[PDB]
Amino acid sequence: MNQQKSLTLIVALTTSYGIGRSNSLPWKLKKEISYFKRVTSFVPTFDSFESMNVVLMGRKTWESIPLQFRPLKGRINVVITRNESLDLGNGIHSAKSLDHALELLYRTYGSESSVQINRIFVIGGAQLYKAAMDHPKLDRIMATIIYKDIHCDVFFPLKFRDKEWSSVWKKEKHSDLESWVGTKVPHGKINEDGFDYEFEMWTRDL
């Protein structure tokens, strides 16, 4: 009814859990943003026919996307705002909260719809990340660890890779990361423009 499917969170963060600065990402990573686009766009071949993915984001995050890349193509976009004066879109939804968005999609993309939902992604920001970390359906984190203590003013809200959360959140093998995204992905450290980063997949039991 409200939430059938599992939620997946996607984030790029430093080893200090830093995620943004001055309403923007503090780094310019071309191969990294390409990975974001692949993961969030990927739907299996067979299901290719009707299925689409959803990207859920906080308003400040909506605002932070280059006018040029917005709305995010090939994906159903939904902005979470407790205050919707309006929304500047042409098939882009607004919802009051995370659950309100799930009900909107399940009502909007039912049987009368040509367009079916494949995967649901929470793309941030910190406020939305916090609500998703508390949601009983969030069981997967697609994280990119940036090994550089970049000055940030916004932080990921839960230290999921830390000892204290280690009996709940588990890092999965690289091969099932690849299997989940479909394409093979670079293993180990990637160096792009002075930054060292790596792709990880973390899961938890519901």
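Just count from 1 along the sequence shown to find any residue number. Between two forms, the rigid core is defined as the largest C-alpha subset superposing within 1.5 Å.
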Greater Cα displacement in 7 other deposited structures of this protein once the core is superposed, comparing 55-63 with 42-50: 42-50
Stretch with greater C-alpha deviation in 7 other deposited structures of this protein, 108-116 versus 73-81 (rigid core superposition): 108-116
Between 43-51 and 26-34 (mean CA B-factor, as deposited), the higher: 43-51
Stretch with the higher entry mean CA B-factor, where the candidates are 141-149 and 175-183: 175-183
Top residue by Cα temperature factor, when 118, 77, 90, 97 are compared in the entry: 90
From 1, 206, 201, 7, residue of greatest CA B-factor: 1
Third assignment of residue 69 from its chain's C-alpha B-factors: highest
For residue 86, the third of its chain into which the C-alpha B factor falls: highest
